[PDB]
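Asker: Mind folding the following:
(5 chains)
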Amino acid sequence: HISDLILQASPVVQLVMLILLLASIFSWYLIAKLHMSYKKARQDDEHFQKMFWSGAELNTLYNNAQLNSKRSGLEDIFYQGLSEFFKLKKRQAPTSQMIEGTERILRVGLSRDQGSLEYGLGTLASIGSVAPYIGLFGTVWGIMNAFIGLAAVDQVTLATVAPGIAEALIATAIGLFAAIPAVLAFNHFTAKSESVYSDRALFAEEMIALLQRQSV
Amino acid sequence: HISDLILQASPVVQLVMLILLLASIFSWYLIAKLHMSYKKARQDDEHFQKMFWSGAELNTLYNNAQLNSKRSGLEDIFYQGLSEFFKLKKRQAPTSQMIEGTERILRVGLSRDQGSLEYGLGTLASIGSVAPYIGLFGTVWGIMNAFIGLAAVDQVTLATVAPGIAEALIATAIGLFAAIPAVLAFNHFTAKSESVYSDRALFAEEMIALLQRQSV
Amino acid sequence: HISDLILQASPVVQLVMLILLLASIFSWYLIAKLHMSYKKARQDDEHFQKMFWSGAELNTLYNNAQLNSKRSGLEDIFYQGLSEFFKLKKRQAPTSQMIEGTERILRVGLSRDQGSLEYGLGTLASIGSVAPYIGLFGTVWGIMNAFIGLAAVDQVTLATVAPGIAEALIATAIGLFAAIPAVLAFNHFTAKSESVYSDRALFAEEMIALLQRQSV
Amino acid sequence: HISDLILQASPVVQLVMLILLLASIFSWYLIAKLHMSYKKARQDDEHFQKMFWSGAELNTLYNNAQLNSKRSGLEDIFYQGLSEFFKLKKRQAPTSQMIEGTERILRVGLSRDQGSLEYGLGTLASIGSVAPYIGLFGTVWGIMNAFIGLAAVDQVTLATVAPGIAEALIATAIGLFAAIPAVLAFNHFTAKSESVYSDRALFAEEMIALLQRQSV
Amino acid sequence: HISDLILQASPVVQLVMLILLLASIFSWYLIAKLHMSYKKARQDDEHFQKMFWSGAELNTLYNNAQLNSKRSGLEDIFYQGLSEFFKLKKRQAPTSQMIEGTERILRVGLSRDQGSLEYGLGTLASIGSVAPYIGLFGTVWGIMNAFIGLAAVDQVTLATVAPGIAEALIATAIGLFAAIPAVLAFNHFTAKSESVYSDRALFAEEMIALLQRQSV
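Answerer: Numbering: from 1, shown residues only, chains lettered A, B, ... in the order given. The structure is reproduced below:
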């Protein structure tokens, strides 16, 4: 029956209800994209991180990464890091400089891949914050195309207004239904984003340490 | 018909409705200015960034920038950066100092052009936050020039109050309509602003690296 | 007529309405003080900043500042900065130290004059945040000295309650009227405060640069 | 009697009420886990911190920690710290480096154990923020399966709607009851988390100081 | 008369009203403790700060502090600072190190006494944020032990419900009355806390400067 009400409403409330059902649908597409992105990230980070803290030397690891054309996440942040370090050593620079250099070009890798994991995470924040109040605008337009209507009729039976009051609440309900899934995913992926940054940041620190020692 | 109601209302609610329709109109002007500013920024950043990471040497690039009187964005941040570096080298200073110097005067370029991209972005935050509650003040004044009125009449027909209740909801609706476009643009341009800062910041880091190597 | 209602209300709602009309009046006094403070700041910053980047040498500028007893803003932050630098050089310290020193005692000038521009800016944040909800407390007390009253009367005519419902809405209206001017000035002066800090901070950086070069 | 209402409601409001009673129950499980985690942390920190600032030398303490397989919190952050310091000294590196090294690998211990104390603290923030508005969605669905119903009946007795209005308010009440215990524990454990970070951070600083002196 | 209503209410609303009157009372106790703590702090800071920038040498000041067993605030932060500096100099360490050392052990004094001024300041933030919504839960329980009641009676006189609607609003009023004094003191003491940190931080910077000069 609810389907019927949405079909037979003021043009304005109907546009609010499309703006919001599209926000709902886009929310859900982003929540699928962000979930895939942050599962690939977590998986490849564990794979590389394991292999790096496995016996095989830095040089060995660097060889493989250079060979792979599918370098992604930590593996690419590592390749870009050591690429700098090897490129400097060849120019017989001081260790102090070599480390400082390699530590700049992998803060310029852990920040240029955070940006590409958090693809839609800001949109979900908007959808989540605005959408409730797009709904509310629909509600107010609805309650205000009752009372504007009520004046005209001979008799103010509650039954006169009520069909119009419903078509208001529908819009605020749709508003809350667009907004809730998108503030339980701007919350869950903002968390997963800080986890992955921290995991990779602490791996970067621990890789630096290795290089300083392997130097002296 | 709605037009009619706004025309025939209490002086106070009418002033709330002008304060808000002007906020709406100014929001929209800022949302056009910010959109132009951040598209020129993104376009010129890609152009320069491409050309810099193209084969041509630093000196070549510096020549062109000095020639151009339309220096804007990264190109001006670069000119001001290297201008410092060339100005120091001529005073036979230590490399360490030369880099530190050039790295200060282009943190004093990526921060004195962020401020000029984000022209109106703070206004949109105000319009977006306050305007809902300017509307609400209109609503309350409206519901309170019903009930104050209701007392006077012989008979409290719902039909008596309803024309006055509408002219309240209109103000809260206009309030939400000023405020929604300006919290979907204090959200979208705050994002585009952090993108452009990060893009230019990471370009600054990568330019520093080049200079350190080209030194030793 | 509205004046009449405020005069003839429950003692509690009347105290809410004084607490709020005083917040309104104090808001407005602070919004005048903050506006004067941040216009003098912006004016003197441009004057000094112009004169400094004018031809005249550091020593010349330092002379004048020492002479003036009305040293304020950048001019005092500069005097305190160079005063350190001159005081060190006389103790034949290393350039490196001289700069580091002068750069500490003018981060201890750009932070001990930010605090004195932002005189009342935190109060406006309170007035702006609380005052809506002081009003709401008045509203609830009002709606709750209707219904508590309604029980007593022989006949529940809407006309019985309505004079009491109004005197509630008045309090929430006054609440919104205290709070709106003080969240469009905790927004506008927080902005002007960050502008002046940034302007003076970037001037401090550019003054440091001069001193480092004038050293070597 | 309340039990009866929840049993006899629209399928949708019933699902809102399960989503929320589960959030309530999970909140409470997390509030128990976080309380155990932060009491063990506070207890072991005091034990170690006491013993460290007790007479016994660093070497003595390091011996014991290496022996213990139950190393947790400060004791493990200390073992990982000194392990670096001892590992460097053996490679006859400069004191300056030894300290810098040991100070990196215990910022990579106070940050990889903060993450494991704050196990569920982010969930409580979600439950606390969303759950009120899941409830509200239930409320609106409820008020909107009254009015949609009201139209149908011959007579609009208040008594007709009221049984349906209740089953709405139940959902917003359950919504507030899920959300309040979880914003008085995302507040209380965010506090206890910053306490434990600060306590351990300041212990790390004071341990560094000891090592620098014991060096020279 | 109001007293009567609170006495004759549903067990649940009565528990909400005790939870909130206790929050009110605890708020007020904390607002007294925080006010004493931050007046002693401000007073002793001015006393010491005056005496330090008075003629008497560092050594003189250090003597007195060592003598006093009532060392508190800046005076203790200073004693702990110089205690480090004197303890290093005796171990004939380089000036550079002596300053760095003394500057670490008084960032580990301005942060271990901020924590002890801000005793209850976080509680006031909770009371202030939650308490409104504890009240609202009481309100909803109240409006929902009207309508659940309304069904039963033969006749739905407004006069039937109204005694029950009041006992709801009382709870939201008490809710706002717990919460307002505690967001005008989590605002006023968060401010006074940042003032005292800044005052002491800038004193620490200015003390460091003295030591560096008195060294060379």
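
Asker: Now do the phi/psi pair for residue A:187.
Answerer: Backbone geometry at residue A:187, expressed as degrees, to the nearest 10, gives phi -100, psi -40.

Asker: near chain B, anything from the helix or strand encompassing residue A:209?
Answerer: Counting by DSSP states H and E, the element that carries residue A:209 is helix A:188-215. No: applying C-beta under 8 Å from any C-beta of the partner chain, one finds helix A:188-215 separated from chain B by no less than 13.6 Å. Backbone N, C-alpha and C define where each C-beta goes, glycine included.

Asker: Figure out how far that helix is from the centre of its chain.
Answerer: Helix A:188-215 sits 20 Å away from the centroid of its parent chain (C-alpha atoms, centre = their mean, to the nearest Å).

Asker: How about that helix and chain D, touching?
Answerer: Yes: using C-beta under 8 Å from any C-beta, helix A:188-215 reaches chain D at A:188, A:191, A:195, A:198, A:202, A:205-206, A:208-209, A:212-213.

Asker: Just give me the closest of the residues you listed to chain B.
Answerer: Of all those, residue A:208 has the smallest distance to chain B: 16.1 Å, by C-beta to the nearest C-beta.

Asker: ok, so what distance separates residue A:37 from residue A:52?
Answerer: Distance, residue A:37 to residue A:52, by C-beta to C-beta, to the nearest Å: 22 Å.

Asker: Just list the residues touching residue A:123, thanks.
Answerer: Contacts for residue A:123 (C-beta atoms under 8 Å, 6 or more residues apart in numbering or on different chains) come out as A:26, A:30.

Asker: check which helix or strand covers it.
Answerer: Using DSSP H and E, residue A:123 falls within helix A:121-143.

Asker: on that earlier part again, give me the more crowded residue out of residue A:37 and residue A:52.
Answerer: Legend: neighbour count by other C-beta atoms under 10 Å in any protein chain shown for residue A:37 and residue A:52, higher for residue A:37 (20 against 17).

Asker: Thought residue A:121 was touching the more buried one, still the case?
Answerer: No: counting by C-beta atoms under 8 Å, residue A:37 does not reach residue A:121; the two are 9.6 Å apart.

Asker: which one's the longest helix in chain A?
Answerer: Criterion DSSP state H: the longest helix present in chain A is helix A:11-53.

Asker: on contacts alone, who are the packing partners of that helix?
Answerer: helix A:74-89, helix A:121-143, helix A:158-179, helix A:188-215 (3 or more C-beta pairs under 8 Å, 6 or more residues apart in numbering or on different chains; DSSP states H and E).

Asker: check contacts around the one residue sitting closest to the centre of chain A.
Answerer: Chain A has residue A:121 as the residue nearest its centroid, 2.4 Å off, counting by C-alpha atoms, centre = their mean. Residues in contact with residue A:121 (C-beta under 8 Å, 6+ apart) are A:30, A:34, A:186, A:189-190, A:193.

Asker: Redo those residues as CSV? Include neighbour count.
Answerer: Formatted as CSV, the contacts of residue A:121 follow (neighbours: other C-beta atoms under 10 Å in any protein chain shown):
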residue, neighbour count
A:30, 21
A:34, 24
A:186, 25
A:189, 25
A:190, 17
A:193, 18
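
Asker: Tell me the one of these nearest chain D?
Answerer: Among those, and counting by C-beta to the nearest C-beta, the member closest to chain D is residue A:190, at 8.6 Å.

Asker: Please report how far that closest one lies from residue A:202.
Answerer: Distance of residue A:190 to residue A:202, computed by C-beta to C-beta: 19 Å.

Asker: still on that earlier bit, the longest helix of chain A: how far from the chain's middle?
Answerer: For helix A:11-53, the distance to the chain centre is 6 Å (C-alpha atoms, centre = their mean).

Asker: Also compute the angle for it relative to helix A:121-143, please.
Answerer: 160 degrees (axes from the mean of the first three to the mean of the last three C-alpha atoms, to 10 degrees).

Asker: Let me know the next secondary structure element after helix A:11-53.
Answerer: helix A:58-67.

Asker: Give me the helices and strands touching that following helix, please.
Answerer: Applying 3+ C-beta pairs under 8 Å, 6+ apart, we find helix A:58-67 packed against helix A:74-89, helix A:188-215.

Asker: Compare those and report which one is nearest to residue E:96.
Answerer: Nearest to residue E:96, of all these, is helix A:188-215, at 21.6 Å by C-beta to C-beta.

Asker: Buried residues in the closest one, which are they?
Answerer: Of the residues in helix A:188-215, A:188-190, A:192-193, A:195-197, A:199-204, A:206-209, A:211-212, A:215 count as buried by neighbour count, 16 or more other C-beta atoms under 10 Å in any protein chain shown.

Asker: Let me know which of the helices and strands packed on helix A:11-53 is the nearest to residue C:25.
Answerer: Closest approach to residue C:25 among the helices and strands packed on helix A:11-53 is made by helix A:121-143 (31.8 Å; C-beta to C-beta).

Asker: got the CA positions of the closest one in PDB?
Answerer: Extracted C-alpha coordinates of helix A:121-143, given in PDB (Å, rounded to 0.1, in the frame of the first residue of the first chain):
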ATOM      1  CA  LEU A 121      34.300   8.100   2.100                       C
ATOM      2  CA  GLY A 122      33.600  11.900   2.000                       C
ATOM      3  CA  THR A 123      30.300  11.500   0.000                       C
ATOM      4  CA  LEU A 124      28.900   9.000   2.500                       C
ATOM      5  CA  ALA A 125      29.600  11.800   5.100                       C
ATOM      6  CA  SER A 126      27.500  14.300   3.100                       C
ATOM      7  CA  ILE A 127      24.700  11.800   2.200                       C
ATOM      8  CA  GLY A 128      24.600  10.900   5.900                       C
ATOM      9  CA  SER A 129      24.500  14.500   7.200                       C
ATOM     10  CA  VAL A 130      22.300  16.300   4.600                       C
ATOM     11  CA  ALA A 131      19.900  13.500   3.700                       C
ATOM     12  CA  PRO A 132      18.000  13.600   7.000                       C
ATOM     13  CA  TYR A 133      17.300  17.400   6.400                       C
ATOM     14  CA  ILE A 134      16.400  16.900   2.600                       C
ATOM     15  CA  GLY A 135      13.700  14.500   4.100                       C
ATOM     16  CA  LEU A 136      12.700  17.100   6.700                       C
ATOM     17  CA  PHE A 137      12.200  19.700   3.900                       C
ATOM     18  CA  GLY A 138       9.900  17.200   2.200                       C
ATOM     19  CA  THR A 139       8.100  16.700   5.500                       C
ATOM     20  CA  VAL A 140       7.600  20.500   6.000                       C
ATOM     21  CA  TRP A 141       6.400  20.900   2.300                       C
ATOM     22  CA  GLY A 142       4.000  18.100   3.000                       C
ATOM     23  CA  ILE A 143       2.500  19.400   6.300                       C
END
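
Asker: what's the angle from that helix to helix A:158-179?
Answerer: Going by the same axes, to 10 degrees, helix A:121-143 makes 180 degrees with helix A:158-179.

Asker: relative to helix A:188-215, how tilted is helix A:121-143?
Answerer: For helix A:121-143 against helix A:188-215, the angle between stretch directions is 170 degrees (the same axes, to 10 degrees).

Asker: in chain A, what residue sits furthest out from the centroid?
Answerer: The C-alpha centroid of chain A is most remote from residue A:154, which lies 54.3 Å away (C-alpha atoms, centre = their mean).

Asker: That one: what secondary structure?
Answerer: Taken by DSSP: H, G, I helix; E, B strand; the rest coil, the conformation at residue A:154 corresponds to coil.

Asker: which residues sit in contact with residue A:156?
Answerer: Shown in contact with residue A:156 (C-beta under 8 Å, 6+ apart): A:150, B:157-159, B:162.

Asker: now do 10 Å
Answerer: Shown in contact with residue A:156 (C-beta atoms under 10 Å, 6 or more residues apart in numbering or on different chains): A:150, B:157-160, B:162.

Asker: before we move on, the earlier item: what is in contact with residue A:37 and residue A:121 at once?
Answerer: Shared contacts of residue A:37 and residue A:121, defined by C-beta under 10 Å, 6+ apart, are found at A:189, A:192-193.
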